[PDB]
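Engineer:
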Amino acid sequence: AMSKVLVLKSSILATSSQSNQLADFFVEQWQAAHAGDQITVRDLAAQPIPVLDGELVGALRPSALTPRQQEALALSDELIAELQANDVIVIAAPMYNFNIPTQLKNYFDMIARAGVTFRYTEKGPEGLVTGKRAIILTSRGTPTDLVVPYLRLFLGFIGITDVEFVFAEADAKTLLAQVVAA
Amino acid sequence: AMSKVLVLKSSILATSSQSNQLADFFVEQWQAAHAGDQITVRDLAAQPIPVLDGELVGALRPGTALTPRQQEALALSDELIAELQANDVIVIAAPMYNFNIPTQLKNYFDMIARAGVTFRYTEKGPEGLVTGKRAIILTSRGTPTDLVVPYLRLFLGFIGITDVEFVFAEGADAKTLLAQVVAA
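In order, the protein sequence lines correspond to chains B and D.
Numbering-wise (this note's numbering), the first sequence opens with residue 201 and increments by one.
Numbering-wise (this note's numbering), the second sequence opens with residue 187 and increments by one.
#1: Here's a check: name, in chain order, each residue in its chain whose Cβ is nearer than 6 Å to the Cβ of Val363 of chain B, leaving out the five neighbours to either side.
#2: Starting from the Cα of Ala285 of chain B, find the closest Cα among B:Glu271, B:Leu304, B:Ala370 and B:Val329 and give me that residue.
#3: So if DSSP puts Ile239 of chain B in a beta bridge, which residue, or which two residues, is it bridged to?
#4: Helix, strand or coil: how does DSSP classify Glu351 of chain D here?
#5: Strictly below 9 Å CB to CB, what residues from chain B border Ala232 of chain D?
#6: Residues of chain B with a CB under 7 Å from the CB of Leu270 of chain D: which are they?
#7: Taking 8 Å as the CB-CB cut-off, is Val257 of chain B touching chain D?
#8: Measure the CB-CB distance between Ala259 of chain B and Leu273 of chain B and report whether it falls below 8 Å.
#9: Compare the C-alpha of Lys292 of chain D against each of D:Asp332, D:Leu194 and D:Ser189 and name the closest.
#10: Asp349 of chain D CB to nearest chain B CB: under 8 Å?
#11: By the 8 Å beta-carbon criterion, what residues does the segment 305-335 of chain D contribute toward chain B?
#12: Taking only beta-carbon atoms, is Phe298 of chain B less than 8 Å away from chain D?
#13: Could you check whether the Cβ of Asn306 of chain B sits closer than 8 Å to any Cβ belonging to chain D?
#14: By the 7 Å beta-carbon criterion, what residues does the segment 194-206 of chain D contribute toward chain B?
#15: Measuring CA to CA, which of D:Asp296, D:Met188 and D:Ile287 is closest to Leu252 of chain B?
#16: Run down chain B in chain order and give the residues with a C-beta less than 9 Å from the C-beta of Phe341 of chain D.
#17: Can you check which of these residues, B:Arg319, B:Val241, B:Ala372 and B:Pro248, is closest to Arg340 of chain B by C-alpha distance?
#18: Just to confirm, are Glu269 of chain D and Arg255 of chain D a CB contact at a threshold of 8 Å?
#19: Do the segment 303-320 of chain B and the segment 209-229 of chain B touch if we need at least three Cβ pairs shorter than 8 Å?
#20: Along the chain, where does the beta strand (DSSP E) that runs through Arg333 of chain B open and close?
#21: Taking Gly327 of chain B as the reference, give the member of B:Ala201, B:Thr317 and B:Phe225 with the closest Cα.
#22: Mark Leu363 of chain D as exposed unless 16 or more other C-beta atoms lie within 10 angstroms of its C-beta, in which case mark it buried.
#23: Can you look up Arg339 of chain D in the DSSP assignment and give me helix, strand or coil?
#24: Taking a contact to mean a Cβ-Cβ separation below 8 Å, would you say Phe212 of chain D touches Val275 of chain D in this structure?
#25: What residue range does the alpha helix (DSSP H) around residue 166 of chain D cover?
#26: Check whether the Cβ atoms of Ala280 of chain D and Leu324 of chain D sit closer than 8 Å, and answer yes or no.
#27: Going by the beta-carbon positions, is the gap between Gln215 of chain D and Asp223 of chain D smaller than 8 Å?
#28: Does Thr266 of chain B come out as helix, strand or coil in the three-state DSSP assignment?
#29: I'd like to know whether the C-beta atoms of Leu346 of chain B and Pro248 of chain D end up nearer to each other than 8 Å.
#30: Taking only beta-carbon atoms, is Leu262 of chain D less than 8 Å away from chain B?
#31: According to the neighbour-count rule (16 or more other Cβ atoms, all chains shown, within 10 Å of its Cβ), is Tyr307 of chain D buried or exposed?
#32: Between which two residues does the alpha helix (DSSP H) harbouring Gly244 of chain D extend?
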């Protein structure tokens with residue numbers, strides 16, 4: 201009866217990032233609290249995700265595929281399988297020029313595929329990544345905090361409805377301890 | 187010469203993209219209406235901008251030795267900022283890809299947003315430095331729906347582009363509204 205937690209780091213400042221510091225503290229805290237849980241950490245900056253281009257869009261089509269497109273498609277299936285395998289989804293999404301980091305944006309463009317991560321129904325589109333609890337490490341800032349509706353909308357589209365946002369500005373680590381203890 | 191126009195294409199669907207079809211129709215319409223105007227068209231998909239890395243993020247700020255990649259990134263940044271300042275009308279084609287702008291346009295934005303170059307800090311607060319520009323946005327139209335409109339308004343306003351006009355399309359009507367924008 202273990203839980204699998206996926207942690208997604210996207211900051212480009214590496215160990216210098218406050219978001220990555222809070223993500224690592226989150227890993228240590230969850231490992232201490234639930235010694236049996238299995239934690240997977242993917243760094244989207246250290247190992248980047250390719251940019252969504254026309255050839256990538258061709259590779260991710262529901263329907264001939266070049267070697268490049270086969271590699272890209274294989275990577276997309278890897279990310280989707282890893283995402284569906286984990287019960288808790290921790291996403292570190294700091295704000296770069298009023299948007300999420302490009303790395304995480306590539307991740308999103310590679311995990312959003314019709315018929316795999318969502319489907320069309322007579323009642324409308326519905327997501328297929330079900331039963332996930334998502335926690336978002338983000339910053340807090342005519343509002344400029346448009347990242348929250350974007351992440352809630354995107355994640356909800358692929359079926360991740362249960363999304364909690366924790367904002368960072370000591371106090372943030374007490375909040376993350378409350379999240380891990382919940 | 188009367189107006190220098192900058193057109194930024196960002197769609198990844200190439201000839202089939204409604205964004206690029208309406209962008210080309212906009213260029214042909216503008217040079218048809220103002221035969222003296224000079225139009226520069228940059229295609230962010232044909233010639234992509236590199237993604238902002240932790241290495242490149244150090245080139246766009248004031249100390250140590252710059253790596254060749256960082257020199258290339260800084261040079262390209264100054265080229266984009268200079269080209270942006272040189273034009274008076276800024277036409278941006280920003281279709282919606284999974285509730286966000288295309289990554290090509292986003293990399294362009296991350297390369298033109300530089301402290302002390304396109305925006306400065308004041309006693310009153312931050313202020314943009316790309317002044318006297320008329321921007322027009324070619325975008326799509328959809329709980330929450332279009333998040334790209336307040337995002338583009340916010341970022342463009344931050345670097346000083348306050349006069350921003352949004353044109354929503356999908357692929358007849360769209361060409362009529364674009365013709366009205368050109369004639370406006």
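The beta carbon of each residue, even a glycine, is placed where N, CA and C say it ideally should be.
Structural biologist: Short version:
#1: Reading the first sequence from its first residue, position 163 is the one you call residue 363 of chain B. Within the same chain, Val363 of chain B has close Cβ partners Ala334, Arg352 and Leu355.
#2: Against the first sequence, residue 285 of chain B aligns to sequence position 85. Relative to the Cα of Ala285 of chain B, the nearest Cα in the group B:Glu271, B:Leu304, B:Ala370 and B:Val329 belongs to B:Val329.
#3: As a first step, residue 239 of chain B must be located in the first sequence, where it is residue number 39. According to DSSP, which records beta bridges pairwise, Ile239 of chain B is partnered with B:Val205.
#4: Within the second sequence, numbered from 1, the residue matching residue 351 of chain D stands at position 165. Residue state, collapsed to three classes: strand.
#5: For the purposes of this step, residue 232 of chain D is taken as the residue at position 46 of the second sequence. Residues of chain B passing the Cβ test: none, with the nearest at roughly 10 Å.
#6: Counting from one through the second sequence, the residue named residue 270 of chain D turns up at place 84. For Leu270 of chain D, no chain B residue has a Cβ inside 7 Å of its Cβ, as the nearest lies near 15 Å away.
#7: Numbered from 1 along the first sequence, position 57 holds the residue referred to as residue 257 of chain B. Yes, because at least one Cβ of chain D sits closer than 8 Å to the Cβ of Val257 of chain B.
#8: Stepping through the first sequence from its first residue, residue 259 of chain B is reached at position 59. Stepping through the first sequence from its first residue, residue 273 of chain B is reached at position 73. Against a cut-off of 8 Å, the Cβ pair of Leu273 of chain B and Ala259 of chain B comes out as a contact.
#9: The residue given as residue 292 of chain D occupies position 106 in the second sequence. When only C-alpha atoms are compared, the closest one is D:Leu194.
#10: One-based indexing of the second sequence puts residue 349 of chain D at position 163. In terms of beta-carbon proximity, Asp349 of chain D stays away from the interface with chain B, with every pair separated by 8 Å or more.
#11: With the criterion set as a beta carbon lying under 8 Å from some beta carbon of chain B, the members of the segment 305-335 of chain D are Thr329, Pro330 and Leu333, in sequence order.
#12: As a first step, residue 298 of chain B is located in the first sequence; it is residue number 98 there, counting from the start. Yes, contact with chain D.
#13: The residue given as residue 306 of chain B occupies position 106 in the first sequence. Chain D contact via Cβ: present.
#14: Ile198, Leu199 and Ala200
#15: Locating residue 252 of chain B in the first sequence gives position 52, where the first residue counts as 1. From the listed residues D:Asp296, D:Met188 and D:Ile287, the smallest Cα separation to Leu252 of chain B is found for D:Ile287.
#16: Taking the first residue of the second sequence as position 1, residue 341 of chain D is located at position 155. Chain-ordered, the chain B residues with CB closer than 9 Å to the CB of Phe341 of chain D read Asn297, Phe298 and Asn299.
#17: Position 140 of the first sequence, counted from the first residue, corresponds to residue 340 of chain B. The shortest C-alpha separation from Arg340 of chain B is found at B:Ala372.
#18: The residue given as residue 269 of chain D occupies position 83 in the second sequence. The residue given as residue 255 of chain D occupies position 69 in the second sequence. Not in contact: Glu269 of chain D and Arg255 of chain D (Cβ atoms no closer than 8 Å).
#19: yes
#20: Translated into positions along the first sequence, residue 333 of chain B becomes position 133. From DSSP, the beta strand (DSSP E) with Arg333 of chain B extends over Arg333 to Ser339.
#21: If you number the first sequence from 1, residue 327 of chain B lands on position 127. Per the Cα distances, B:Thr317.
#22: Taking the first residue of the second sequence as position 1, residue 363 of chain D is located at position 177. Classification for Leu363 of chain D: exposed.
#23: For this step, residue 339 of chain D is matched to residue 153 along the second sequence. Note: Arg339 of chain D maps to helix in three-state DSSP.
#24: In the second sequence, counting from the first residue as 1, residue 212 of chain D sits at position 26. In the second sequence, counting from the first residue as 1, residue 275 of chain D sits at position 89. Their beta carbons are not under 8 Å apart, which means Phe212 of chain D does not touch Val275 of chain D by this criterion.
#25: This structure cannot speak to residue 166 of chain D, because chain D is shown only from 187 to 370.
#26: On the second sequence, position 94 is the one that residue 280 of chain D refers to. On the second sequence, position 138 is the one that residue 324 of chain D refers to. Result yes, Cβ atoms of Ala280 of chain D and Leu324 of chain D sit closer than 8 Å.
#27: As a working note, residue 215 of chain D is residue 29 in the second sequence. As a working note, residue 223 of chain D is residue 37 in the second sequence. No.
#28: By one-based count along the first sequence, residue 266 of chain B stands at place 66. DSSP places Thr266 of chain B in coil when its eight states are reduced to three.
#29: Here the question's residue 346 of chain B lines up with position 146 in the first sequence. Here the question's residue 248 of chain D lines up with position 62 in the second sequence. Cβ atoms of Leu346 of chain B and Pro248 of chain D: not closer than 8 Å.
#30: Taking the second sequence and counting its residues from 1, one reaches residue 262 of chain D at position 76. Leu262 of chain D has a beta carbon lying at 8 Å or more from every beta carbon in chain B.
#31: Stepping through the second sequence from its first residue, residue 307 of chain D is reached at position 121. Exposed: under 16 other Cβ atoms inside 10 Å.
#32: Taking the first residue of the second sequence as position 1, residue 244 of chain D is located at position 58. Element bounds for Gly244 of chain D: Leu242 to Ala245.
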